[PDB]
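Working notes, structure below.
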Amino acid sequence: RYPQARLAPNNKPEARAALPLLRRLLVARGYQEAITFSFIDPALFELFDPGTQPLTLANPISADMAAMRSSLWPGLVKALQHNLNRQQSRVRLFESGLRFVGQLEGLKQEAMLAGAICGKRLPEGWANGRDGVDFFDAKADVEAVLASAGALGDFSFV
Amino acid sequence: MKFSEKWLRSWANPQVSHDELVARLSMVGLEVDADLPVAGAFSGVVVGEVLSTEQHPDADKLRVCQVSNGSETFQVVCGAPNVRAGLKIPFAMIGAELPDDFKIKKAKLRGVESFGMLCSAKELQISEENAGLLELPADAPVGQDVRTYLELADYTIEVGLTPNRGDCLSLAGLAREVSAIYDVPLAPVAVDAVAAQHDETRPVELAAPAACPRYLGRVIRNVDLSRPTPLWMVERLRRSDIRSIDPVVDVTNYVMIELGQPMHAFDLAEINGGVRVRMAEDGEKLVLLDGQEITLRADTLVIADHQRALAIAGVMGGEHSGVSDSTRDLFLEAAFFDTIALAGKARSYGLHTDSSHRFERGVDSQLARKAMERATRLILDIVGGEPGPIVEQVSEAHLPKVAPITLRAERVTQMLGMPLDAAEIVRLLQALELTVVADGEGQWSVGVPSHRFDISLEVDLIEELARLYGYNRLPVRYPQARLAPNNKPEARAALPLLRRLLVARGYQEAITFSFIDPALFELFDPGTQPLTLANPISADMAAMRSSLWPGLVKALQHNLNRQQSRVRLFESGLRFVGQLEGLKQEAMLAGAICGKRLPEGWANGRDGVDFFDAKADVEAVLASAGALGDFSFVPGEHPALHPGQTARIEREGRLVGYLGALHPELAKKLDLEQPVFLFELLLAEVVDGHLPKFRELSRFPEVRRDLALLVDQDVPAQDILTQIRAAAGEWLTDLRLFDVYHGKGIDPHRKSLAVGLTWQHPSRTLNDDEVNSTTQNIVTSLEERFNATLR
Amino acid sequence: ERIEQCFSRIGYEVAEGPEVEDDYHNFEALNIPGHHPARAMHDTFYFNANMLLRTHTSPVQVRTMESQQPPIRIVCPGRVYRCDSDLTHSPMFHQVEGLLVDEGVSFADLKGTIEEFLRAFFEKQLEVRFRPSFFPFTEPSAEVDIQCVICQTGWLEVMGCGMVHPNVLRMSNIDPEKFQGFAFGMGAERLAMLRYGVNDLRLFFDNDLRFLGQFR
Amino acid sequence: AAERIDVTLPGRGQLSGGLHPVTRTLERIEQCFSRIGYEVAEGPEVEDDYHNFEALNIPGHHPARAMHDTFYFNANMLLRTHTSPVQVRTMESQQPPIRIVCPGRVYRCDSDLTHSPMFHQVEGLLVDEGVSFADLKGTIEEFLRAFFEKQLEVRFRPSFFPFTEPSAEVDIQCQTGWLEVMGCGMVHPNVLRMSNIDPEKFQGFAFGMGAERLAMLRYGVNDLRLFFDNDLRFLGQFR
Ligand SMILES: O=C(Nc1cccc(S(=O)(=O)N2CCN(c3ccccn3)CC2)c1)Nc1nccs1
Ligand SMILES: O=C(Nc1cccc(S(=O)(=O)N2CCN(c3ccccn3)CC2)c1)Nc1nccs1
């Protein structure tokens with residue numbers, strides 16, 4: 477049998493940029509989605525976040541998978557270099573996921589959107605210039621995301 | 001349907017304010033479109049009588065009057081041209097407060113003392129008439145408040161009726177409604193029979209009984225048509241937006257608006273041996289009272305005599321058989337016409353009347369006699385005369401009958417979502433004059449009254465209960481559904497997806513009219529016959545589009561003309577191909593770009609858009625469902641496009657669309673100076689793609705080799721790359737064209753192609769010998785097919 | 035897109051049909067008879083005696099009723115055409131139409147559906163009012179009102204609805220004794236104008252980048 | 009008669025990238041339910057032993073609670089072993105009806121080649137007045153047909169889970197001719213009771229499925245290690 481339901485029409489607010497929307501935007505803008513482990517090496521954690529005490533596991537699967545991430549960057553940089561080591565030169569990755577801030581007492585679990593780019597600005601082709609990616613290329617990709625729900629004017633890069 | 005509230009209240013008085021009434025009416029399905037007062041506010045103005053007048057001794061344009069208010073005589077100086085002895089007029093007494101804060105005071109006009117003011121309709125804000133004094137009827141009651149006498153404490157309410165409420169096209173109908181809504185007594189006008197003073201009649205024949213099952217006729221001899229329409233009737237008609245024309249037309253209009261029965265009066269002298277109600281002969285000609293010479297169809301019912309047609313039954317009278325100056329005797333008509341037999345007939349001759357509207361919507365099949373007696377009394381009171389006996393012709397077999405309806409209490413509970421008590425069901429239905437009789441437990445048998453042409457089914461009765469109970473008092477529920485999980489296929493690129501892609505790629509969505517100018521259609525599609533509209537709104541909106549390009553190009557130039565330089569537009573919609581027989585209605589996705597490649601900015605190059613920019617946008621769309629490899633861009637030709645810059649897009653041989661630069665010649669005609677790039681795709685051929693099929697990754701390194709090739713300037717790069725894949729072996733993992741050179745360093749009929757070839761073996765490392773062997777056999781292949789050379 | 039979402043989230047399927055239609059699907063099948071003024075060349079664009087430009091999206095719903103048996107839960111967004119255009123009305127415009135046909139469907143179900151869609155769409159817990167009206171295809175029929183919250196008693200007419208007339212189901216081989224149904228319609232430009240504060244209807248079809256750029 | 013002729017050469021610029029196959033899978037599962045009134049629910053990844061075990065009838069001595077299978081921070085705080093705690097948080101926050109889907113990252117300590125220390129799963133929960141085992145069978149059977157785009161044969165085998173009674177392992181066709201793809205069951209009365217939902221008035225069904233498992237069947241992926249490696253040669257296959 478199929479369960480019965482007295483359902484009413486409904487919808488989320490019009491002026492909101494949800495994660496599925498933003499993922500598809502970045503895809504159109506030439507990014508590839510990555511998925512990295514939440515637990516990372518304390519040595520790596522300390523490089524991207526000096527001074528902060530990671531939320532450490534009591535029974536990690538290994539010593540280099542003992543620290544809950546505070547940023548999606550250590551994992552992305554690591555996936556980017558894995559590719560660079562595998563004869564890839566143009567790497568454009570993005571990831572969404574939680575970050576873990578503080579110790580158990582007052583721990584913050586916040587959903588983040590992060591991206592990492594390297595290599596040439598464009599793919600190799602007859603009509604494309606041979607220039608390398610820079611800060612303003614990443615800025616363009618960020619502006620596009622921040623403008624997804626018609627509120628770009630509310631953001632400032634300082 | 002406009003009416004005086006005072007008149008309505010005289011039949012049914014709800015005992016609620018005017019505001020409460022206007023509110024409830026709209027809440028019960030009689031929407032009030034307007035509610036306005038009949039006149040401006042004023043006090044101290046009464047009916048006065050002019051006893052005498054004299055010439056003012058020191059002003060020729062002025063008169064000195066002696067006016068009585070029934071209690072006292074006052075001297076009043078008046079300049080109005082119509083002031084004279086005997087006149088009954090509105091007399092503003094010293095004290096009277098007239099519209100827009102004007103207080104009447106004692107005056108001394110050119111030496112003569114005046115104790116009041118005599119009024120015009122304009123001065124009292126009654127009418128726009130300021131010609132002279134408002135001459136009140138000879139029999140007006142002197143001393144009475146003019147507001148009371150003229151019933152100026154009133155509103156006019158205008159109702160926008162739905163076509164199912166033909167019954168409400170009269171005060172009799174509206175009062176019946178008000179009484180049902182509020183459950184209050186209905187006091188209808190008592191209409192006594194007028195006894196015959198003679199035995200003069202005229203024969204009446206129902207030659208078409210189905211179209212007219214009841215016709216009443218009366219002879220009224222020796223009428224004085226010089227006599228005027230009484231003020232009460234004029235005011236009642238004026239408050240219903242009916243102009244006073246003549247006493248006889250005014251009576252027939254009055255009766256129609258009071259009771260709902262359209263009636264007609266003929267000059268008795270114009271009836272050649274009695275009335276014959278029959279269908280018209282084909283091509284029979286009639287001149288209407290308005291002067292229009294109509295040529296009739298055999299389907300149309302007419303009122304004729306023994307010699308000719310007199311009127312178009314239920315719609316309009318003929319000129320030769322109407323009342324005139326010579327008229328001494330009348331012949332009154334009151335009939336029932338079938339709603340079906342008349343439906344659309346007035347419109348087909350380009351006519352619409354208050355009679356036509358009422359009969360089409362339905363007039364009470366039993367009302368003719370009551371209305372006839374009413375009109376007879378009014379006629380004798382207004383113009384006099386001696387009435388003869390009523391002639392009633394009736395076809396019982398053709399009279400309308402609505403079979404009794406069976407209403408089930410279960411079905412009312414179901415629809416409404418709550419039960420209603422049997423007493424409330426009965427009370428409500430009875431108030432609408434429905435005949436309710438029990439027919440077992442929770443079931444009745446209901447009969448429909450002769451004024452309702454919209455009740456025939458059980459649902460019509462349930463509507464009536466819902467309506468009178470109150471729609472907004474009824475419960476609110478969400479419908480139940482036995483639902484199962486479901487989803488559309490994974491590997492498909494839907495239009496919403498593609499629209500969002502193009503937005504990300506910097507396009508703006510446009511919406512253009514489907515119907516365009518045939519001149520424009522012909523420019524983008526020469527020789528093709530457009531699917532043309534029979535009744536276009538204009539001549540330049542007569543052709544159904546075969547392409548979304550004419551509209552897009554037009555919107556692009558509209559923007560260019562409005563100080564815009566970078567224009568990037570896209571549209572989705574149908575195209576119409578062929579004539580009705582075999583017409584194809586296909587959903588398309590089209591885009592148009594012009595101006596700079598990028599927006600103006602410090603980090604952006606100042607280059608203009610070209611073919612390869614549009615191509616990139618097309619490739620992105622075609623790659624949306626992982627099936628880009630299924631598409632091929634082949635050198636093509638299109639009449640609206642540049643022959644040197646056109647690509648025909650195909651899938652398995654089938655035509656997907658076109659991509660190219662707008663033909664320079666077309667640009668000239670359209671007054672376009674900039675290059676513009678267009679693409680159009682059949683969505684039916686874009687949507688389907690392929691689900692990913694995982695292919696194992698090798699653990700071994702890839703090997704790359706670059707090749708510089710000299711080929712004929714006119715050999716397509718896609719042809720060369722296709723041949724390379726054919727000769728590269730199984731291990732080729734990538735083939736990139738990274739440079740095209742056609743300059744000084746080489747022959748002007750040749751071009752150099754720099755290609756990057758990448759290979760990877762799934763289970764081992766690739767040695768230099770095998771790679772060099774493959775590279776050479778690719779070269780040998782290219783020398784044999786295209787006579788290629790290494791740079 | 036926004037209207038579709040309100041319904042597609044609760045089991046409604048999006049239906050599409052042709053723009054060039056026949057008089058049967060466009061009028062006859064919806065209890066609009068031959069002599070009806072809506073069928074006149076003053077209001078309807080014709081190609082010949084029987085073929086026209088659809089005056090509403092209801093024919094798509096008719097095509098569904100003939101092709102399948104209940105349950106039916108469909109939304110029909112699309113371009114529709116009227117001959118009797120002016121400043122306040124356009125010869126071409128968009129409308130969405132709904133149709134639900136099942137076994138125990140009541141007027142309460144219709145009220146609930148319409149009331150919740152308006153609240154969802156306008157993102158406010160607004161007040162909804164139903165006034166009795168007349169339509170040839172529905173019985174009972176109603177005109178729906180909302181408060182002037184989105185800006195003459197502080198009410199606005201936004202859409203119509205009604206319980207599908209028995210003859211309409213019957214004509215499309217659906218037994219009125221077994222099944223019940225409700226339908227509705229709304230104008231897309233009308234809703235857009237209320238939502239975004241657009242004054243002139245002519246702006247939608249002009250395609251000025253200065254107007255369009257405001258909806259990024 | 010001007011020679012501005014050009015060819016079939018590739019377009020200029022950058023083209024689209026793509027989504028991760030697991031993301032595609034999760035999106036696809038959510039859609040099957042969100043189309044029929046189910047709300048997407050999310051919760052924390054670092055959870056307490058109550059929401060993760062106790063509230064789901066997993067007692068103290070249960071082997072699933074051991075450090076061999078669960079990652080701990082201290083005695084009471086852990087990395088969620090399943091998405092069920094999100095469903096528990098919903099049961100406490102509201103009264104029936106409840107129609108939710110819970111996609112998310114979950115963690116297991118007992119990893120190897122065939123199992124990953126981190127993976128994605130989707131969990132469903134429906135709680136209403138007249139919910140039967142027939143309702144559960146119908147739901148599961150129609151979702152699998154929808155997701156796999158085939159009118160495949162579905163089989164239910166009796167199994168045991170601490171949070172459901174009766175519980176079942178679901179199979180679809182493809195060495196036995198059948199494949200185990202997901203689990204389901206009627207929510208155990210003590211589970212509802214603990215979250216202040218009267219088992220006498222309300223009934224409910226729940227289910228779970230592994231995203232990588234479904235992705236592997238759908239796209240023909242062999243090695244689970246490919247999902248977390250993020251090689252562009254793997255990812256580029258799902259554009
Ligand atoms: O029933 C409908 N639609 C419907 C229901 C109520 C109100 C409206 S509406 O407000 O858009 N309006 C009402 C006024 N309209 C009229 C009125 C008379 C004649 C023609 N048009 C236009 C549409 C649309 N469709 C069906 N399809 C299949 C079976 S029923
Ligand atoms: O009941 C569920 N979920 C459920 C139901 C049946 C099967 C599965 S499953 O196959 O994913 N699997 C079964 C085996 N699992 C076990 C078994 C024992 C201990 C821990 N884990 C992991 C999950 C999930 N959740 C609820 N939330 C709130 C109330 S009920």
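Protein chains in written order, with the entry's author numbering: chain A, 477 to 634; chain B, 1 to 791; chain D, 35 to 185, 195 to 259; chain C, 9 to 182, 195 to 259.
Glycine included, every Cβ here is placed at the ideal spot set by N, Cα and C.
For residue i, which three-state DSSP category applies?
i: residue 79/C; result: coil
i: residue 390/B; result: coil
i: residue 770/B; result: helix
i: residue 46/C; result: coil
Which one or two residues does DSSP pair with residue i in a beta bridge?
i: residue 544/A; result: 515/A and 531/A
i: residue 264/B; result: 333/B
i: residue 106/C; result: 135/C
i: residue 68/B; result: 49/B and 73/B
i: residue 807/B; result: This structure cannot settle anything about residue 807/B, because the visible part of chain B is limited to 1 through 791.
i: residue 220/B; result: 330/B and 387/B
Just checking: is the beta-carbon of residue i within a distance shorter than 8 Å of some beta-carbon in chain C?
i: residue 107/D; result: no
i: residue 541/A; result: yes
i: residue 43/D; result: yes
Using 8 Å as the limit for Cβ to Cβ distance, is residue i near chain A?
i: residue 480/B; result: yes
i: residue 484/B; result: yes
i: residue 77/C; result: no
i: residue 253/D; result: no
i: residue 172/D; result: no
Using alpha carbons as the reference points, say which of the options lies closest to residue i.
i: residue 546/B; options: 429/B, 520/B and 98/B; result: 520/B
i: residue 58/D; options: 97/D, 144/D and 255/D; result: 97/D
i: residue 272/B; options: 755/B, 310/B, 642/B and 497/B; result: 310/B
i: residue 691/B; options: 737/B, 623/B and 723/B; result: 623/B
i: residue 574/A; options: 52/C, 22/C and 91/C; result: 52/C
i: residue 77/C; options: 114/C, 26/C and 215/C; result: 114/C
i: residue 330/B; options: 388/B, 391/B and 268/B; result: 268/B
i: residue 477/B; options: 219/D, 169/D and 150/D; result: 150/D
i: residue 562/A; options: 255/C, 257/C, 256/C and 251/C; result: 251/C
So that I know if they touch, is there some Cβ in chain D lying closer than 8 Å to that of residue i?
i: residue 496/A; result: no
i: residue 537/B; result: yes
i: residue 279/B; result: no
Using a Cβ cut-off of 8 Å (strictly closer), state whether residue i contacts chain B.
i: residue 180/C; result: no
Item to complete: Jot down the residue ranges of each uninterrupted beta strand (DSSP E) in the region 438-505 of chain B, minimum 3 residues, whole runs only, in chain order.
Response: Listed in chain order, the complete beta strand (DSSP E) runs (minimum 3 residues) inside the region 438-505 of chain B are 443-447 and 480-482.
Worksheet entry | 4 or more residues per run - each alpha helix (DSSP H) lying fully within the region 532-603 of chain B | Runs of the alpha helix (DSSP H) inside the region 532-603 of chain B: 549-560.
Worksheet item: At what residue ranges does the region 704-739 of chain B contain a whole run of the alpha helix (DSSP H), taking only runs of 4 or more?
Response: For the region 704-739 of chain B, whole alpha helix (DSSP H) runs of length 4 or above, ordered along the chain, are 717-727.
Worksheet entry | Length-filtered (4 minimum) alpha helix (DSSP H) runs lying within the region 305-353 of chain B | Listed in chain order, the complete alpha helix (DSSP H) runs (minimum 4 residues) inside the region 305-353 of chain B are 339-342 and 345-348.
Worksheet item: What beta strand (DSSP E) runs, 3 residues minimum, are completely inside the region 101-182 of chain B?
Response: Correct list: 107-109, 112-114, 116-118 and 155-160.
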